[PDB]
Amino acid sequence: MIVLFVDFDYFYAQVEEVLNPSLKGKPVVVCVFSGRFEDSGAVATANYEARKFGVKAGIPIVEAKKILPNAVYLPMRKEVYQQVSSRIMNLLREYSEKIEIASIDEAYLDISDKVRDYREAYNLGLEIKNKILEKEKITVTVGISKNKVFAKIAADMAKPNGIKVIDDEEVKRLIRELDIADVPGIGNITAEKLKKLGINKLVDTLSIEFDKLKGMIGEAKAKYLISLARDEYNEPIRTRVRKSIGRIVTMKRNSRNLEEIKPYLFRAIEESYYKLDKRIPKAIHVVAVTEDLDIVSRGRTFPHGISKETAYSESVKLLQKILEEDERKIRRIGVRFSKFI
DNA sequence: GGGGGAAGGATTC
DNA sequence: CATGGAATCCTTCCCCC
Ligand SMILES: Nc1ncnc2c1ncn2[C@H]1C[C@H](O)[C@@H](COP(=O)(O)OP(=O)(O)OP(=O)(O)O)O1
Ligand SMILES: [Ca+2]
Ligand SMILES: [Ca+2]
Ligand SMILES: [Ca+2]
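Heads up, the first sequence is in PDB author numbering, so the first residue is 1 and it goes up one at a time.
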């Protein structure tokens with residue numbers, strides 16, 4: 001069982017440099033401007049030139065400018081990044097039939113066939129990196145190991161523009177030395193929760209009573225970490241199918257007014273429907289981000305597909321139910337369509 | 001005593 | 001001051017063998 005994981009370096013920013021090579025070498029910051037005021041919004045991502053000064057994904061654009069006022073600030077162009085990503089995902093398909101497109105810039109390849117050991121694997125990794133750089137001029141990081149989790153962890157250790165193999169002898173020691181927070185799927189909340197239980201390394205999950213563990217992080221997460229520490233994790237690489245499509249936008253001012261929110265809601269619906277492109281949803285959810293950043297949603301499942309007209313009608317009703325409950329002002333609003341026919 | 005949906009929410013990348 | 005898209009996994013009904 002040999003897994004090769006490919007992760008594109010500072011993707012959005014790298015794409016912008018590809019589209020304008022003169023940016024190469026300068027700090028580049030891809031932003032999502034919300035139009036609330038001059039420079040309101042957040043950083044989608046940034047290149048390493050900017051990253052070394054503390055400018056990274058998630059920080060307010062405003063804070064990024066205080067740190068690097070002379071960096072290059074570019075608005076996010078999602079559409080473009082997706083097409084570039086697709087072309088790269090297609091190249092990857094030429095190296096294995098078993099492929100899992102995990103996100104817009106990640107992919108796992110099951111190369112248990114194409115190769116018979118970590119040597120051929122490491123070389124197949126360079127063949128792949130070299131090929132992507134050559135055809136799309138995009139540097140990526142490769143991680144190779146016994147499974148998806150460790151192949152991804154391996155990539156995390158080598159980025160940017162790297163390649164690393166985590167062999168069967170190195171996995172065993174990581175299960176003992178690796179900070180459990182660096183484990184994929186363990187975010188700040190799960191991490192700052194395993195500590196209260198006394199779990200700082202994967203190995204620690206083996207000396208605690210399952211039932212206690214389950215009650216703290218849930219059954220799935222439980223069995224997940226246990227199977228990894230017990231070196232038994234082995235999820236198959238499989239192509240995921242889009243199960244939902246949607247869009248959430250930011251309003252200029254926080255509001256509780258229906259007619260003030262509608263415009264944003266309808267715009268989210270129009271964009272979502274465009275993206276559906278022939279797919280017909282039976283379920284619709286209206287999502288609202290309140291002023292204190294809490295996420296509230298209301299949805300309905302119909303016994304048939306939802307026409308754009310029905311979506312408009314149903315969304316307002318759902319938006320009203322949200323306002324009837326939480327009396328908090330709404331900051332962001334949008335919709336999500338799922339349960340395709 | 002449990003299957004199978006459906007909802008509202010939680011957490012991650 | 002802090003955007004945005006989508007998957008998985010909870011917890012709680014709910015209807016009803
Ligand atoms: N907080 C975010 N907001 C909006 N878009 C994001 C955010 N984080 C990541 N993305 C999008 C754009 C990133 O270029 C893309 C890939 O992220 P990754 O997590 O792949 O970061 P990079 O941006 O790839 O950094 P790196 O080289 O460390 O992997 O996903
Ligand atoms: Ca990634
Ligand atoms: Ca990446
Ligand atoms: Ca983490």
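Don't be surprised by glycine CBs; every beta carbon is placed ideally from N, CA and C.
- Put simply, the stretch 243 to 260 does not touch the stretch 207 to 218. Fewer than three CB pairs are less than 8 angstroms apart.
- Going by beta carbons, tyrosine 81 and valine 32 fall outside the 7 angstroms limit.
- In the structure shown, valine 183 adopts coil according to DSSP, grouped into three states.
- About 5 angstroms separates the Cβ atoms of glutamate 106 and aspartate 7, confirming a contact at the 8 angstroms cut-off.
- In the three-state DSSP reduction, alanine 191 falls in the helix class (H, G or I).
- In the three-state reduction of the DSSP assignment, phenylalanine 33 falls in the strand class, which pools E and B.
- An exposed status is given to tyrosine 274, since fewer than 16 other beta-carbon atoms sit within 10 Å of its beta-carbon.
- Rounded to the nearest whole angstrom, the CA to CA distance from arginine 119 to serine 207 is 35 angstroms.
- The residue from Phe5, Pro160 and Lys52 with its alpha-carbon nearest to that of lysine 26 is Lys52.
- Distance from the CA of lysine 317 to the CA of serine 272, rounded to the nearest whole angstrom, comes to 18 angstroms.
- Proximity of the beta carbon of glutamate 106 to ligand 2 is indicated: a heavy atom of the ligand is located closer than 6 angstroms.
- Under DSSP, no beta-bridge partner is assigned to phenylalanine 210.
- Check the Cα spacing between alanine 288 and each of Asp326, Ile245, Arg332 and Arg300: the tightest is with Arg332.
- Cβ neighbours of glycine 162 within its own chain (closer than 8 angstroms, five residues either side excluded): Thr141, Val142 and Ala155.
- Here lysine 159 has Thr141 as same chain residues with Cβ atoms under 6 angstroms from its own Cβ, once five neighbours each way along the sequence are excluded.
- Here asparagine 130 carries a helix assignment [DSSP, helix/strand/coil].
- Annotation for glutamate 49: the continuous alpha helix (DSSP H) segment containing it runs 48 to 51.
- The beta carbon of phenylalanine 11 is closer than 6 angstroms to those of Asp105 in its chain, skipping five residues each way along the sequence.
- Within the model, the alpha-carbon separation for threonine 301 versus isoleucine 280 is close to 12 angstroms.
- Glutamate 259 and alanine 102 have their alpha carbons spaced roughly 38 angstroms apart.
- In this structure, DSSP gives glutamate 97 a state outside helix and strand, which the three-state scheme calls coil.
- Taken through DSSP and simplified to helix, strand or coil, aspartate 231 comes out as coil.
- When the beta-carbon positions are compared, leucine 197 and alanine 229 stay at least 7 angstroms from each other.
- Look at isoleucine 186: its beta carbon is less than 6 angstroms from one of the heavy atoms in ligand 4.
- Annotation: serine 40 to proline 60 spans about 7 angstroms, alpha carbon to alpha carbon.
- Taking the Cα of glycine 35 as reference, the smallest distance to any Cα among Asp113, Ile269 and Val249 is reached at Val249.
- In this chain, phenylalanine 302 is not harboured by any alpha helix (DSSP H), its DSSP state being neither H nor E.
- Membership of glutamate 260 in any beta strand (DSSP E) is not indicated; the residue belongs instead to the alpha helix (DSSP H) covering 258 to 276.
- In the three-state DSSP reduction, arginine 328 falls in the coil class, being neither helix nor strand.
- Excluding residues up to 5 positions away in sequence, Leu91 lie with their Cβ nearer than 8 angstroms to the Cβ of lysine 131 in the same chain.
- Per the coordinates, the alpha-carbon of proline 303 lies some 35 angstroms from the alpha-carbon of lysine 98.
- Residue state for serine 103 is assigned as strand, using DSSP reduced to three classes.
- Less than 7 angstroms separates the beta-carbon of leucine 23 from that of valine 72.
- As computed with DSSP, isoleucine 166 is found in a beta bridge with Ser145.
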